[PDB]
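Asks: Next up, query.cif (mmCIF, C-alpha atoms).
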data_entry
loop_
_atom_site.label_atom_id
_atom_site.label_comp_id
_atom_site.auth_asym_id
_atom_site.auth_seq_id
_atom_site.Cartn_x
_atom_site.Cartn_y
_atom_site.Cartn_z
CA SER I 282 -10.38 11.53 14.21
CA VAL I 283 -7.56 9.83 12.23
CA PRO I 284 -4.24 11.81 12.24
CA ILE I 285 -2.19 12.70 9.13
CA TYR I 286 0.51 10.10 9.97
CA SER I 287 -2.08 7.26 9.83
CA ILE I 288 -3.12 8.07 6.22
CA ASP I 289 -0.82 6.05 3.90
CA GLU I 290 -0.83 5.95 0.05
CA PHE I 291 -3.75 3.48 -0.22
CA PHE I 292 -5.86 4.78 2.71
CA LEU I 293 -8.93 5.96 0.77
CA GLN I 294 -8.83 2.82 -1.41
CA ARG I 295 -9.00 0.52 1.66
CA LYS I 296 -11.85 2.53 3.24
CA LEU I 297 -13.91 2.30 0.01
CA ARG I 298 -13.42 -1.50 -0.25
CA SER I 299 -14.46 -2.11 3.39
CA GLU I 300 -17.54 0.17 3.41
CA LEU I 301 -18.88 -0.19 -0.16
CA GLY I 302 -17.67 -3.76 -0.90
CA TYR I 303 -16.05 -3.39 -4.36
CA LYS I 304 -13.83 -6.46 -4.96
CA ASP I 305 -12.15 -5.09 -8.12
CA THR I 306 -9.07 -2.85 -7.78
CA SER I 307 -9.57 -0.64 -10.88
CA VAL I 308 -13.11 0.23 -9.67
CA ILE I 309 -11.53 1.45 -6.41
CA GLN I 310 -8.65 3.26 -8.24
CA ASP I 311 -11.04 5.46 -10.26
CA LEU I 312 -13.53 5.98 -7.40
CA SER I 313 -10.73 6.94 -4.96
CA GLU I 314 -9.22 9.46 -7.41
CA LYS I 315 -12.71 10.73 -8.39
CA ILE I 316 -13.48 11.69 -4.75
CA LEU I 317 -10.00 13.28 -4.34
CA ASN I 318 -10.47 15.34 -7.55
CA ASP I 319 -13.85 16.65 -6.28
CA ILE I 320 -12.25 17.74 -2.96
CA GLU I 321 -9.45 19.93 -4.44
CA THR I 322 -11.94 21.81 -6.66
CA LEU I 323 -14.47 22.40 -3.83
CA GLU I 324 -12.14 23.45 -0.98
CA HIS I 325 -13.74 26.92 -1.37
CA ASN I 326 -16.95 25.68 0.35
CA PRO I 327 -17.95 22.58 2.41
CA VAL I 328 -21.73 22.54 1.69
CA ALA I 329 -21.31 22.29 -2.12
CA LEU I 330 -18.85 19.37 -1.74
CA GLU I 331 -21.50 17.32 0.12
CA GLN I 332 -23.84 17.66 -2.91
CA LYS I 333 -21.39 15.80 -5.18
CA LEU I 334 -20.23 13.20 -2.59
CA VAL I 335 -23.86 12.16 -1.91
CA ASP I 336 -24.28 11.44 -5.66
CA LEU I 337 -20.99 9.48 -6.11
CA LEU I 338 -21.46 7.28 -3.01
CA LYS I 339 -25.16 6.64 -3.91
CA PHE I 340 -27.27 8.55 -1.35
CA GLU I 341 -28.27 7.96 2.32
CA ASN I 342 -28.27 4.17 1.61
CA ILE I 343 -24.46 4.17 2.07
CA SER I 344 -23.93 7.88 2.94
CA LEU I 345 -20.28 7.94 4.28
CA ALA I 346 -20.17 11.70 3.48
CA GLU I 347 -19.58 13.12 6.99
CA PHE I 348 -16.46 10.91 7.32
CA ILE I 349 -14.98 12.39 4.11
CA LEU I 350 -16.23 15.94 4.93
CA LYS I 351 -14.37 16.18 8.28
CA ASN I 352 -11.26 14.49 6.76
CA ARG I 353 -11.41 16.24 3.32
CA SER I 354 -8.16 18.22 3.79
CA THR I 355 -6.38 15.47 5.79
CA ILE I 356 -6.91 12.67 3.22
CA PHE I 357 -6.08 14.80 0.12
CA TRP I 358 -2.77 16.13 1.52
CA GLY I 359 -2.18 12.80 3.34
CA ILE I 360 -2.25 10.56 0.23
CA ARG I 361 -0.17 13.13 -1.73
CA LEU I 362 2.64 12.67 0.86
CA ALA I 363 2.88 8.86 0.46
CA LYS I 364 2.20 8.78 -3.33
CA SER I 365 5.30 10.65 -4.57
CA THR I 366 8.41 8.43 -4.81
CA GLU I 367 11.66 9.50 -6.57
CA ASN I 368 10.03 12.89 -7.39
CA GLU I 369 9.03 13.55 -3.75
CA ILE I 370 11.43 16.49 -3.10
CA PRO I 371 9.56 18.78 -5.56
CA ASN I 372 6.27 17.84 -3.79
CA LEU I 373 7.76 18.87 -0.39
CA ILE I 374 8.20 22.34 -1.96
CA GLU I 375 4.56 22.25 -3.18
CA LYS I 376 3.24 21.76 0.39
CA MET I 377 5.12 24.94 1.43
CA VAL I 378 3.62 26.84 -1.55
CA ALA I 379 0.14 25.37 -0.89
CA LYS I 380 -0.28 26.93 2.58
CA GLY I 381 -3.64 28.68 1.98
CA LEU I 382 -5.25 25.99 4.15
CA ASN I 383 -4.49 25.63 7.89
CA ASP I 384 -1.09 24.37 9.08
CA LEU I 385 -1.10 20.57 9.46
CA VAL I 386 1.52 20.18 12.22
CA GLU I 387 2.89 16.63 11.70
CA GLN I 388 6.35 15.08 11.17
CA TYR I 389 7.71 11.58 10.43
#
Would it be possible to restate this file's structure as structure tokens?
Replies:
Amino acid sequence: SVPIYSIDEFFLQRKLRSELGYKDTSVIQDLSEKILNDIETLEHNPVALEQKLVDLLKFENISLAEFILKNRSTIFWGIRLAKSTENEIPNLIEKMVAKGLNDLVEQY
């Protein structure tokens, strides 16, 4: 469900606008980064991450948690690939160092 190549820089921002409905960009910018910041901290366990995501996205009303749960690693490392411009070559070293997670086999 959704490869790593498909996830561009503004992938999570577009998914939030379509599902939630937020017209404003700076509401999406904070909310996209706020979900991403929760993921990196709670990579240690999946069940604790669902507790926070249910609160941010405002309960079963919207939900959208299972979509982020299955793609938690893919989106976080996916957006980091497209974000870095000019200083992208030090980030391509960081992906080699950050290899505690499973090997995402994907090339350009």
Asks: List as a ChimeraX atom specification the protein and nucleic acid residues near stretch 305-310 of chain I, meaning an atom at most 9 Å away when all atoms listed in the file are counted, but skip any in the same chain fewer than 4 places from it.
Replies: /I:293-295,297-298,314-315
Asks: Once you have the residues from the selection above, write them out as a short mmCIF file (atom, residue, chain, number, x, y, z; two decimals), in the frame of the given file, restricted to C-alpha atoms.
Replies:
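Output file result-v2.cif follows:
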data_model
loop_
_atom_site.label_atom_id
_atom_site.label_comp_id
_atom_site.auth_asym_id
_atom_site.auth_seq_id
_atom_site.Cartn_x
_atom_site.Cartn_y
_atom_site.Cartn_z
CA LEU I 293 -8.93 5.96 0.77
CA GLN I 294 -8.83 2.82 -1.41
CA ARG I 295 -9.00 0.52 1.66
CA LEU I 297 -13.91 2.30 0.01
CA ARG I 298 -13.42 -1.50 -0.25
CA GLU I 314 -9.22 9.46 -7.41
CA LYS I 315 -12.71 10.73 -8.39
#
Asks: Box time for stretch 295-302 of chain I: axis-aligned, enclosing all its listed atoms, 4 Å extra on each side; report centre and edge lengths in Å to one decimal, as AutoDock Vina command-line options.
Replies:
--center_x -13.9 --center_y -0.6 --center_z 1.3 --size_x 17.9 --size_y 14.3 --size_z 12.3
Asks: Within 10 Å of stretch 328-344 of chain I, counting only C-alpha atoms, which residues qualify if same-chain residues fewer than 4 places away don't, as a list in words?
Replies: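 Counting only the stated atoms, we get residues 297, 300, 301, 312, 315, 316, 319, 320, 321, 322, 323, 324, 348, 349, 350 and 353 of chain I.
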Asks: Got a sec: who's within 9 Å of stretch 372-383 of chain I, counting only C-alpha atoms, leaving out chain neighbours fewer than 2 positions off, as a PyMOL selection string?
Replies: chain I and resi 324+354+358+361-362+365+368-370+385
Asks: Atom CA of residue I:282 to atom CA of residue I:359: how many Å, to one decimal?
Replies: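 Between atom CA of residue I:282 and atom CA of residue I:359 the gap works out to 13.7 Å.
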Asks: Go through I:371, I:303, I:386, I:356 one by one, measure the shortest atom-to-atom distance of each to residue I:289 using only C-alpha atoms, and give the residue with the smallest value.
Replies: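 Nearest candidate to residue I:289 out of I:371, I:303, I:386, I:356: I:356.
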Asks: Using all atoms listed in the file, which of the listed residues (I:388, I:287, I:299, I:326) sits closest to residue I:360?
Replies: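 Checking each candidate against residue I:360, we get I:287 as the closest.
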Asks: In Å, how far is it from atom CA of residue I:317 to atom CA of residue I:304?
Replies: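 According to the coordinates, atom CA of residue I:317 and atom CA of residue I:304 are separated by 20.1 Å.
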Asks: I'd like to know which of I:290, I:347, I:387, I:311 is closest to residue I:366, using only C-alpha atoms.
Replies: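 Among the listed residues, I:290 lies closest to residue I:366.
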Asks: Please report the interatomic distance between atom CA of residue I:346 and atom CA of residue I:364 in Å with one decimal.
Replies: 23.6 Å
